[PDB]
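K.L.:
experimental structure below, sequence on top.
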Amino acid sequence: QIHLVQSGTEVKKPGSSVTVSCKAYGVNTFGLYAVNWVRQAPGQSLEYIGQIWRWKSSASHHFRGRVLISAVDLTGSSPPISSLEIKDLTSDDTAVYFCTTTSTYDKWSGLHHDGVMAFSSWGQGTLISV
Amino acid sequence: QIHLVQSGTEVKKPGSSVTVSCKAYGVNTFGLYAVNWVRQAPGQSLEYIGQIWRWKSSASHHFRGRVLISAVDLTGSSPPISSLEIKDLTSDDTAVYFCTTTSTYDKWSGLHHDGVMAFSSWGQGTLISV
Amino acid sequence: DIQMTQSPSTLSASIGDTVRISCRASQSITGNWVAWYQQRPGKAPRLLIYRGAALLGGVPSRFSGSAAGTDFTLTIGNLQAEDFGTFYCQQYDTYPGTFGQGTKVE
Amino acid sequence: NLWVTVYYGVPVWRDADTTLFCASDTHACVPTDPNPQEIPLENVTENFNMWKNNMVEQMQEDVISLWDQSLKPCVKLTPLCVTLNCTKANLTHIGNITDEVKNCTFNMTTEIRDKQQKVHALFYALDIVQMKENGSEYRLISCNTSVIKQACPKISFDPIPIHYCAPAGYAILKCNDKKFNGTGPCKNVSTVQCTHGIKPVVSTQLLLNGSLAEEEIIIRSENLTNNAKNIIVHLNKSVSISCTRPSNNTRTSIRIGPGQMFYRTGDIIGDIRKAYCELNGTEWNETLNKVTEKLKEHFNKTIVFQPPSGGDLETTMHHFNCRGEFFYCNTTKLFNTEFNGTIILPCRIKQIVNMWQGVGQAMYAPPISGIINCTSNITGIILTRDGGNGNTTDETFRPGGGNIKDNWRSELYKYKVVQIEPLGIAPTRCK
Amino acid sequence: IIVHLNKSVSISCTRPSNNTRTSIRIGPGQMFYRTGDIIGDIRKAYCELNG
Amino acid sequence: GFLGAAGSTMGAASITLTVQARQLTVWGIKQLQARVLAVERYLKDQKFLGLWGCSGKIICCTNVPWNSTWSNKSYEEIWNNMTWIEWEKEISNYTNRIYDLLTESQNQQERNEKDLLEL
Amino acid sequence: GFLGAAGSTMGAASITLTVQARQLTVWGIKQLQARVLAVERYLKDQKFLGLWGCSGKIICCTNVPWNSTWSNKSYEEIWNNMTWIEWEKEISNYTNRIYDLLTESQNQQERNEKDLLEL
Amino acid sequence: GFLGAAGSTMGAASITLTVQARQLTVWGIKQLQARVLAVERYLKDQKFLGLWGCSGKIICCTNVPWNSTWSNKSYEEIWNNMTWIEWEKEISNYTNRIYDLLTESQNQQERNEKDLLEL
Ligand SMILES: *[C@@H]1O[C@H](CO)[C@@H](O[C@@H]2O[C@H](CO)[C@@H](O[C@@H]3O[C@H](CO[C@H]4O[C@H](CO[C@H]5O[C@H](CO)[C@@H](O)[C@H](O)[C@@H]5O[C@H]5O[C@H](CO)[C@@H](O)[C@H](O)[C@@H]5O)[C@@H](O)[C@H](O[C@H]5O[C@H](CO)[C@@H](O)[C@H](O)[C@@H]5O[C@H]5O[C@H](CO)[C@@H](O)[C@H](O)[C@@H]5O)[C@@H]4O)[C@@H](O)[C@H](O[C@H]4O[C@H](CO)[C@@H](O)[C@H](O)[C@@H]4O[C@H]4O[C@H](CO)[C@@H](O)[C@H](O)[C@@H]4O[C@H]4O[C@H](CO)[C@@H](O)[C@H](O)[C@@H]4O)[C@@H]3O)[C@H](O)[C@H]2NC(C)=O)[C@H](O)[C@H]1NC(C)=O
Ligand SMILES: *[C@@H]1O[C@H](CO)[C@@H](O[C@@H]2O[C@H](CO)[C@@H](O[C@@H]3O[C@H](CO[C@H]4O[C@H](CO[C@H]5O[C@H](CO)[C@@H](O)[C@H](O)[C@@H]5O[C@H]5O[C@H](CO)[C@@H](O)[C@H](O)[C@@H]5O)[C@@H](O)[C@H](O[C@H]5O[C@H](CO)[C@@H](O)[C@H](O)[C@@H]5O[C@H]5O[C@H](CO)[C@@H](O)[C@H](O)[C@@H]5O)[C@@H]4O)[C@@H](O)[C@H](O[C@H]4O[C@H](CO)[C@@H](O)[C@H](O)[C@@H]4O[C@H]4O[C@H](CO)[C@@H](O)[C@H](O)[C@@H]4O[C@H]4O[C@H](CO)[C@@H](O)[C@H](O)[C@@H]4O)[C@@H]3O)[C@H](O)[C@H]2NC(C)=O)[C@H](O)[C@H]1NC(C)=O
Ligand SMILES: *[C@@H]1O[C@H](CO)[C@@H](O[C@@H]2O[C@H](CO)[C@@H](O[C@@H]3O[C@H](CO[C@H]4O[C@H](CO)[C@@H](O)[C@H](O)[C@@H]4O)[C@@H](O)[C@H](O[C@H]4O[C@H](CO)[C@@H](O)[C@H](O)[C@@H]4O)[C@@H]3O)[C@H](O)[C@H]2NC(C)=O)[C@H](O)[C@H]1NC(C)=O
Ligand SMILES: *[C@@H]1O[C@H](CO)[C@@H](O[C@@H]2O[C@H](CO)[C@@H](O[C@@H]3O[C@H](CO)[C@@H](O)[C@H](O)[C@@H]3O)[C@H](O)[C@H]2NC(C)=O)[C@H](O)[C@H]1NC(C)=O
Ligand SMILES: *[C@@H]1O[C@H](CO)[C@@H](O[C@@H]2O[C@H](CO)[C@@H](O[C@@H]3O[C@H](CO)[C@@H](O)[C@H](O)[C@@H]3O)[C@H](O)[C@H]2NC(C)=O)[C@H](O)[C@H]1NC(C)=O
Ligand SMILES: *[C@@H]1O[C@H](CO)[C@@H](O[C@@H]2O[C@H](CO)[C@@H](O)[C@H](O)[C@H]2NC(C)=O)[C@H](O)[C@H]1NC(C)=O
Ligand SMILES: *[C@@H]1O[C@H](CO)[C@@H](O[C@@H]2O[C@H](CO)[C@@H](O)[C@H](O)[C@H]2NC(C)=O)[C@H](O)[C@H]1NC(C)=O
Ligand SMILES: *[C@@H]1O[C@H](CO)[C@@H](O[C@@H]2O[C@H](CO)[C@@H](O)[C@H](O)[C@H]2NC(C)=O)[C@H](O)[C@H]1NC(C)=O
Ligand SMILES: *[C@@H]1O[C@H](CO)[C@@H](O[C@@H]2O[C@H](CO)[C@@H](O)[C@H](O)[C@H]2NC(C)=O)[C@H](O)[C@H]1NC(C)=O
Ligand SMILES: *[C@@H]1O[C@H](CO)[C@@H](O[C@@H]2O[C@H](CO)[C@@H](O)[C@H](O)[C@H]2NC(C)=O)[C@H](O)[C@H]1NC(C)=O
Ligand SMILES: *[C@@H]1O[C@H](CO)[C@@H](O[C@@H]2O[C@H](CO)[C@@H](O)[C@H](O)[C@H]2NC(C)=O)[C@H](O)[C@H]1NC(C)=O
Ligand SMILES: *[C@@H]1O[C@H](CO)[C@@H](O)[C@H](O)[C@H]1NC(C)=O
Ligand SMILES: *[C@@H]1O[C@H](CO)[C@@H](O)[C@H](O)[C@H]1NC(C)=O
Ligand SMILES: *[C@@H]1O[C@H](CO)[C@@H](O)[C@H](O)[C@H]1NC(C)=O
Ligand SMILES: *[C@@H]1O[C@H](CO)[C@@H](O)[C@H](O)[C@H]1NC(C)=O
Ligand SMILES: *[C@@H]1O[C@H](CO)[C@@H](O)[C@H](O)[C@H]1NC(C)=O
């Protein structure tokens, strides 16, 4: 029972920055789950944006320096949260952004290969139009 | 609880013979315990005199023919007994004689090596002056 | 006819010290067939070590022994008052058995 | 120029204690191949000590376990703890049993809890306790101690020989010295897998149906100087003893519950005489003479025999069992110093018995209908030496019991369990 | 919620009334142990802790 | 002839050791435990033998030279005037060392064979 | 498959012996007894194989010549007409002899190899 | 020590594969079951090793060529930049293949040896 809830549609102008939040109902902790942020252009195929895993954050080469990923674990009155911040938006960033959460606890499982991973659960996707 | 009790001091003249006894309280039988008789001159080191083991008596080369070792097992009134008989005393035999017993039941024990043995329990010793 | 010699014929120490005593044999005893005894004045000697490095029931853990070929060593740690007198050294690999000349401690 | 060489199958053993298989013919002893095989070991001298043998503890535990497992499923006699109204028996319809049997009337529960039945039984006076100093109010011996279970009708009380077989990796060494006394070196040793058949016969003063010494009488004790240690005397010529109960009992049953049946003695049909054991006087005289002569070798005093000093019925009289009857015989004609012809010893029967102290709590032995007649061989005597004062000119030996381990030490004294260590390293010129 | 501490707190609990244990035989070989009497102090049992 | 060579010299006892090797319903708990323990002991001995490259052999030869400090007796004295029990008692303090040396030698042999077959 | 080609001739049966060889919480007392007995049977078979120098093999050749008194039939008749059950029944009276000779041959081989390495 | 090579590369771990090999009364039902299961696991591993001709060996070479569809990785990358767990995870899908191949090879060898001994 893993439900990922995301923020709503945001319409922005070039030069600004945006933040997308994903709440992971059912995820006990992000120490045993990895959060992968991916992109889908309007009519193109999915693109990998970034990853938080074992409390380490990383991004692809095309996104280094302008994309920042953070996360906070289970609290008293909120599930685990993952946040994606995009700086210096341009007209090419209009797309639907997805959070995916993949289990990591089973070391012999086939859903992950040394950091690069499958995407077992998906959020409803947030539309960002610039 | 092996207590070895020996006879008292005796003062003799050259040419005579002496007998020293040793009562072994706590020794169940001499079929499992070997009896060793040793000598200690005043101000010198210990010297081995003889032994009785598995009801076989033996003496060292320096004492062959003039020391006789005997033993009797547990009886209804007295513990096992061992005894030295020394013939043709000379002025050099004045010393403290010790009676010792060592267990031989465990064949793998390190207290004995095919007849030549260590001495686990010691008697109080008898002083003989000639 | 193995003859064993002890080098430190006389020793002195204080309470809490550590004492080493050495025996040298005319032949190598590969079976570690060596025993260590203690004798206080006016009393019968007491056996402490057999097979070079084996303790007995009731002997304190302070005493220890080492064996190698012709060289055998007795080590006494945290020396107390009771550990006084003449220490003796015996072999029983060959016949007859033979004792050392003894080393005086305290 | 020598190199290490490894040998598997080296004949080297070490003393060890393990669990041994039980062979015959939770707990079960039913292998059926006791076929023995013996291999002498030449030029081997082995140290034996019968008083530090684990086989006796194993046999104790096995017999206790078998006894408890046999009595597990059959009847419990908890309703019998009822106040009994006991009067003198009427048997009108060396000596008679009118002074030992009491006619007791009581109430018992039927298979319906609402109705009680008034019944009667004949009980022996040794199994009953009087509640008031002058009255007819009586109870059973065990009602203040434990709960009794009836000896189930299908249980057979005769002994069966038991062999003890060492598992793989172990062996049983056997001492063949013909004058062995249980402790010391043995110069003629053999090796086996299974011991000879041993019957778990229970007795108190005289060892029965056992093996005989090969050469002469053997005196065995843990410590002769300690007067608290029992002396086992093993004979080389058994003495035949024949015990009988001439009374004809009636085994009558009362239904005391839903499927629980209690067997009792209805009446003594005829031949009112006490049970007795017959023995030959001359053979006993010769055996006692030989035992005295052998014991002269260990004690340097005149040797006399006296009856047990005191105690209860259990620790004073010769207890044994056969046909399922439990006899206590008064051995005072023996062990008292005309001995001509036949010696007749009186005996009393008990039904509530506690064979093993604290084991099974107690057992009720149902009676047997016919006349019981039974024979056995005396092959050993257990004695105890009274503590002297150092001034008497003679030593007094009394027939005494004690631990039942002594009844089995006399059969397992010549066995030892060893562990094989088949891995040797030797210098050899090979590479 | 399990809260695991790094410094233990010592607590000492006592019952100061002197109980008399007696025995009643309720069957064959079955013994029942009871509180025969209450003597000595009669104060309630309590635990002591440092504030 | 099980254990029949106990009183014989190692020169004659080493001949035909395979006698020892050949000799080496509802059940009770004790019987089942004994069977399991016997199986475990056999497997332990086989594990020791297999560590040294002596898996299916009774008389197995090795490549570890004999250190004279383990025992300085002559070959004739060892194989002509002593039994197995006495010999095993004499060298008891060095068995653990010799086992480790045998294991290391076997490992070195395996690695060297691998390297040689690589060439 | 398992016990397949049981009705086939021994020539065809010997080709694929490995197919048959490969197959060769309170549990309950009977399950424990069955497991222990299976382990014991496997170890007994392995002990017999290892006594002859065939510890880890399916087909193992030995140095014991075939005595004609054990069976005097032709090679073709054995390996092209009969099955394994018939053959094993035919020579059932000589199995113990052959086992003893195999053990003796292995022992002689080991001793002779040791003597040769000594030289 | 035990398992201490985990986390190191396979080149360093392959030279210490002896510690793991060396380290691989009413008792109660659970203890007895655990003992029997441990014996069973050891014997199963030994059975697989025996089918391939590596009964008493830790490092064993075979005649089965390495298919590139199994790994397709460089020798230095395998033995210098990976650990054993990662390697075993990568090639899991093919293990049951390779095992079978090994068995077949051994069988072939034996039969060929027989032919080479009949000539
Ligand atoms: C159990 O237990 C366990 C243990 O024991 C635990 O765990 C834990 O958990 C936790 C949680 O809860 C955690 O924490 C967390 O963490 C995380 C991570 O982080 C990381 O990362 C980051 C990032 O990185 C990146 O970037 C950078 C920049 O510079 C760089 O450098 C790097 O390298 C990287 O980079 C990369 O990547 C990128 C992308 O991503 C790209 O681009 C590039 O190129 C590259 O590639 C970082 O930063 C960090 O760092 C930090 O830390 C460290 C440590 O060590 C240090 O050292 C450093 O220095 C730093 O520090 C800083 O910070 C900190 C924090 O903050 C502080 O404190 C300090 O002071 C300083 O300042 C790392 O590495 C993270 O992310 C997080 O954070 C969060 O939270 C916090 C709290 O406080 C805060 O502060 C922050 O801010 C954040 O918050 C945010 O987010 C959230 C989420 O959701 C949200 O909600 C909020 O609201 C916020 O938001 C905001 O802000 C943001 C910012 O950005 C923005 O954007 C937005 O918009 C808004 O506004 C945290 O920290 C931990 O760690 C753990 N531990 C361990 C040991 O690990 C658990 O939990 C338990 N459990 C239970 C149940 O309890
Ligand atoms: C269980 O069982 C078991 C079995 O089964 C048992 O065991 C047993 O035990 C017993 C005891 O108890 C035993 O017996 C004993 O023994 C011992 C030992 O002996 C041995 O040895 C000896 C010695 O030798 C040496 O010497 C010689 C001289 O000639 C020579 O020859 C040799 O060789 C050697 O030499 C070497 O060494 C030396 C040193 O020592 C040197 O010097 C040199 O040079 C060289 O080197 C001998 O003698 C002996 O012999 C004998 O024996 C044989 C056998 O076979 C014969 O053959 C011979 O002939 C002889 O015999 C004769 O004698 C006898 C006696 O002896 C008689 O009996 C006869 O009959 C005849 O006559 C051996 O070999 C011993 O020692 C001992 O003795 C003792 O005792 C007895 C009793 O009776 C008497 O008689 C004697 O006399 C003695 O006595 C003494 O001692 C004691 C101690 O304590 C004392 O007390 C007394 O008092 C006396 O003293 C006195 O006298 C002396 C004299 O000497 C003097 O000196 C003093 O001073 C005083 O006066 C015994 O015999 C046995 O054996 C065993 N068995 C077996 C089998 O082993 C057990 O016991 C059981 N258990 C229970 C619990 O019961
Ligand atoms: C020392 O050793 C002796 C010798 O073994 C023991 O004495 C024997 O004890 C057994 C058991 O108590 C006696 O066997 C029993 O005999 C009873 C009477 O036998 C009559 O009936 C048979 C029927 O064929 C006749 O052959 C015989 O001549 C008599 O006329 C039997 O009734 C018993 O039967 C029981 O056992 C059978 C076994 O199959 C059961 O099926 C029955 O249902 C029944 O339960 C039994 O056979 C034997 O007679 C005694 N021998 C002698 C010579 O007296 C000693 O008891 C022993 N000492 C001890 C143990 O202290
Ligand atoms: C830990 O406890 C919390 C709270 O008890 C659990 O959170 C609950 O998670 C379930 C499913 O993960 C949520 O149900 C879903 O909610 C979404 C919200 O949009 C809805 O769309 C779905 O149809 C479904 O109903 C539930 O709302 C949520 N409750 C709260 C208060 O957050 C959490 O799952 C528990 N974690 C574990 C590992 O057990
Ligand atoms: C067999 O029984 C006898 C007698 O019960 C035991 O003899 C007793 O042995 C103990 C210790 O071995 C003796 O105690 C010691 O006596 C000496 C005598 O001088 C004394 O100096 C010690 O302080 C200590 O008290 C005891 O006196 C002795 N009893 C008799 C009557 O001699 C013997 O030990 C028993 N053997 C075995 C194997 O158990
Ligand atoms: C040689 O080995 C023997 C036995 O393997 C050692 O003797 C043991 O010493 C320990 C020390 O506490 C005792 O617990 C054992 O009981 C002794 N064994 C026996 C059979 O008595 C001996 O110490 C070793 N000697 C050397 C020099 O290593
Ligand atoms: C125990 O039994 C005796 C005998 O059956 C009872 O004594 C009888 O009591 C009745 C009634 O009082 C008399 O008529 C008889 O004469 C008595 N018989 C004798 C021989 O005296 C006695 O009452 C019974 N006691 C209990 C407690 O049941
Ligand atoms: C034991 O006592 C009971 C009762 O006191 C006797 O049973 C009675 O015996 C007479 C004999 O004439 C019968 O008439 C009665 O019917 C019996 N009573 C019952 C209730 O059946 C029994 O006979 C006595 N037994 C002995 C051996 O004395
Ligand atoms: C049973 O053992 C006794 C030992 O007490 C034997 O009696 C001795 O026999 C020898 C034989 O020559 C005589 O010299 C002794 O005098 C006898 N001693 C006594 C006290 O009689 C007896 O012969 C043995 N019987 C059998 C059948 O072996
Ligand atoms: C065992 O029988 C003996 C006699 O064979 C009994 O002892 C006799 O007891 C009477 C009276 O109590 C005395 O007058 C005799 O002097 C005793 N004789 C002897 C030799 O002691 C003994 O009481 C019987 N034991 C039991 C338990 O009945
Ligand atoms: C239980 O006994 C202990 C000690 O026997 C008591 O603890 C200490 O008691 C002494 C009295 O001699 C005080 O001086 C200490 O201050 C006590 N230690 C504390 C309080 O930590 C303890 O008080 C007794 N139990 C109770 C409930 O009083
Ligand atoms: C015993 O019973 C008989 C008949 O069974 C009877 O004649 C006699 O009086 C009775 N005696 C006693 C004392 O009960
Ligand atoms: C050893 O005992 C056996 C027992 O039958 C006997 O046959 C053999 O002669 C005895 N040997 C010696 C030397 O006493
Ligand atoms: C026992 O020793 C004698 C010594 O003469 C020898 O002849 C005999 O062969 C030895 N026994 C065995 C079984 O080796
Ligand atoms: C059974 O016999 C026939 C002969 O017609 C043969 O073709 C077939 O292969 C045999 N079965 C097997 C399993 O070999
Ligand atoms: C762990 O990795 C470091 C890398 O610097 C290496 O030096 C070390 O040997 C590794 N640990 C082991 C046990 O090999």
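P.N.:
That came through fine. Residues are numbered from 1 along each chain as shown, chains lettered A, B, ... in the order given. Ligands and ions are numbered 1, 2, ... in the order given.
K.L.:
okay but residue F:28 is in contact with residue D:31, surely?
P.N.:
No: the criterion here is Cβ atoms under 8 Å, and residue F:28 misses it with residue D:31 at 10.9 Å. Where C-beta positions appear, they are placed from N, C-alpha and C, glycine not excepted.
K.L.:
which of these two has more neighbours?
P.N.:
Ranked by neighbour count (other Cβ atoms under 10 Å in any protein chain shown), residue F:28 and residue D:31 place residue F:28 first, with 19 against 16.
K.L.:
does the residue nearest to the more buried one when sequence neighbours are not counted sit in a helix or strand, and which one?
P.N.:
Residue nearest to residue F:28 in three dimensions, not counting chain neighbours: residue D:28, with 4.4 Å by Cβ to Cβ, 6 or more residues apart in numbering or on different chains. Using DSSP states H and E, residue D:28 maps to neither a helix nor a strand.
K.L.:
phi, psi for residue D:28 please.
P.N.:
With angles defined as degrees, to the nearest 10, residue D:28 sits at phi -160, psi 140.
K.L.:
could you do residue A:112 as well?
P.N.:
Main-chain torsions, residue A:112, degrees, to the nearest 10: phi -150, psi 140.
K.L.:
contacts only, for it.
P.N.:
By Cβ atoms under 8 Å, 6 or more residues apart in numbering or on different chains, the contact list for residue A:112 reads A:34, A:102, A:104, A:118.
K.L.:
one step back: I'd like the distance between the residue nearest to residue F:28 and ligand 5.
P.N.:
38 Å (Cβ to the nearest ligand atom, to the nearest Å).
K.L.:
and residue A:62, by the same measure?
P.N.:
Residue A:62 is 92 Å from ligand 5, by Cβ to the nearest ligand atom.
K.L.:
work out for me the element the residue most central in space within chain F sits within.
P.N.:
Centroid-nearest residue in chain F: residue F:49, 6.8 Å away (criterion: Cα atoms, centre = their mean). Element membership of residue F:49 [criterion: DSSP H and E] is helix F:29-51.
K.L.:
can you tell me if that helix touches chain G.
P.N.:
Yes: legend: contact between helix F:29-51 and chain G by Cβ under 8 Å from any Cβ of the partner chain is shown at F:32, F:35, F:36, F:39, F:42.
K.L.:
circling back: wait, the residue nearest to the centre of chain F touches residue F:55, no?
P.N.:
Yes: in terms of Cβ under 8 Å, residue F:49 counts as a neighbour of residue F:55; the distance is 5.8 Å.
K.L.:
in the chain, which spans are strands?
P.N.:
Here I'm looking at chain A. A:3-6, A:10-11, A:18-25, A:33-40, A:46-53, A:56-59, A:67-72, A:81-86, A:95-103, A:112-113, A:116-117, A:121-122, A:126-129 (DSSP state E).
K.L.:
ah, no, chain C please
P.N.:
Remark: strands assigned in chain C by DSSP E are C:4-6, C:19-25, C:34-39, C:46-49, C:63-68, C:71-76, C:85-91, C:98-99, C:103-105.
K.L.:
save these as CSV, and put in distance to ligand 6 and mean neighbour count too.
P.N.:
As requested, the strands of chain C are exported to CSV (distance: least, Cβ to the nearest ligand atom, whole Å; neighbours: other Cβ atoms under 10 Å in any protein chain shown):
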stretch, distance to ligand 6, mean neighbour count
strand C:4-6, 16, 18
strand C:19-25, 13, 18
strand C:34-39, 8, 24
strand C:46-49, 9, 21
strand C:63-68, 4, 16
strand C:71-76, 9, 19
strand C:85-91, 13, 23
strand C:98-99, 19, 22
strand C:103-105, 20, 18
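K.L.:
which of those strands sits closest to residue D:227?
P.N.:
Nearest to residue D:227 among the strands of chain C is strand C:46-49 (32.7 Å), distances taken as Cβ to Cβ.
K.L.:
ok, that closest one: who's next to it in the sheet?
P.N.:
strand C:34-39 (antiparallel) (DSSP bridges).
K.L.:
residue contacts, residue D:187?
P.N.:
D:45, D:177.
K.L.:
my error: substitute residue D:371 in the last question.
P.N.:
Residue D:371 touches D:244, D:245, D:246, D:247, D:248, D:271, counting by Cβ under 8 Å, 6+ apart.
K.L.:
pretty sure the second one is touching residue D:271, no?
P.N.:
No: between residue D:245 and residue D:271 there is no contact, the gap being 9.5 Å when judged by Cβ under 8 Å.
K.L.:
comparing the two, which residue is more hemmed in?
P.N.:
residue D:245 (24 against 12).
K.L.:
what's the separation between the more buried one and chain F?
P.N.:
According to Cβ to the nearest Cβ, to the nearest Å, residue D:245 stands 37 Å off from chain F.
K.L.:
run through the bridge partners of the residue most central in space within chain C.
P.N.:
Geometric centre of chain C, nearest residue: residue C:36, 3.5 Å, by Cα atoms, centre = their mean. On the basis of DSSP bridges, residue C:36 is bridged to residue C:49, residue C:89.
K.L.:
and for residue D:302?
P.N.:
For residue D:302, the beta-bridge partners are residue D:394 (DSSP bridges).
K.L.:
any idea how far residue F:99 is from it?
P.N.:
64 Å (Cβ to Cβ, to the nearest Å).
K.L.:
name the residue of chain D that lies nearest to chain F.
P.N.:
Taking Cβ to the nearest Cβ, chain F has its nearest neighbour within chain D at residue D:43, 3.0 Å off.
K.L.:
right, and that residue touches residue F:8 too?
P.N.:
Yes: because the distance of 7.3 Å satisfies Cβ under 8 Å, residue D:43 is recorded as touching residue F:8.
K.L.:
looking at chain D, which helix is longest?
P.N.:
helix D:54-70 (DSSP state H).
K.L.:
contacts only, for the residue found closest to residue A:115 once you drop the neighbours it is linked to in the chain.
P.N.:
With sequence-adjacent residues excluded and distances taken as Cβ to Cβ, 6+ apart, residue A:115 is closest to residue A:53, at 6.7 Å. Contact partners of residue A:53, counting by Cβ under 8 Å, 6+ apart, are A:34, A:35, A:104, A:115, A:117.
K.L.:
just among those, which is most surrounded?
P.N.:
residue A:35 (25 neighbours).
K.L.:
so that residue makes contact with residue A:82?
P.N.:
Yes: counting by Cβ under 8 Å, residue A:35 touches residue A:82, with 4.4 Å between them.
K.L.:
list residues touching both of the two?
P.N.:
In contact with both residue A:35 and residue A:82: A:22, A:24, A:52, A:69, A:71, A:99, using Cβ under 8 Å, 6+ apart.
K.L.:
ok, which pair from those is furthest apart?
P.N.:
A:24 and A:69 (13.9 Å).
K.L.:
so for these two, which residue has more residues nearby?
P.N.:
Counted by other Cβ under 10 Å, residue A:24 and residue A:69 do not tie: residue A:24 has more neighbours, with 24 against 20.
K.L.:
ok, now how distant is that one from residue A:40?
P.N.:
According to Cβ to Cβ, residue A:24 stands 20 Å off from residue A:40.
K.L.:
give me the number of residues near the closest residue to residue C:79 other than its chain neighbours?
P.N.:
Ranked by Cβ to Cβ, 6+ apart and with sequence neighbours excluded, the top spatial neighbour of residue C:79 is residue C:17, at 4.9 Å. Using other Cβ under 10 Å, residue C:17 has 13 other residues around it.
K.L.:
quick one: contacts for residue A:70?
P.N.:
A:52, A:57, A:82, A:83, A:85.
K.L.:
what bridges to the second one?
P.N.:
Right, the one you point to is residue A:57. residue A:52.
K.L.:
just give me the neighbour total for residue 105.
P.N.:
Using chain A here. Applying other Cβ under 10 Å, we find 10 residues neighbouring residue A:105.
K.L.:
other chain: chain F
P.N.:
Using other Cβ under 10 Å, residue F:105 has 17 other residues around it.
K.L.:
can you tell me the helix or strand for it?
P.N.:
Assigned by DSSP H and E, residue F:105 falls in helix F:95-118.
K.L.:
one more: residue D:409?
P.N.:
Taking DSSP H and E as the definition, one finds residue D:409 inside helix D:406-412.
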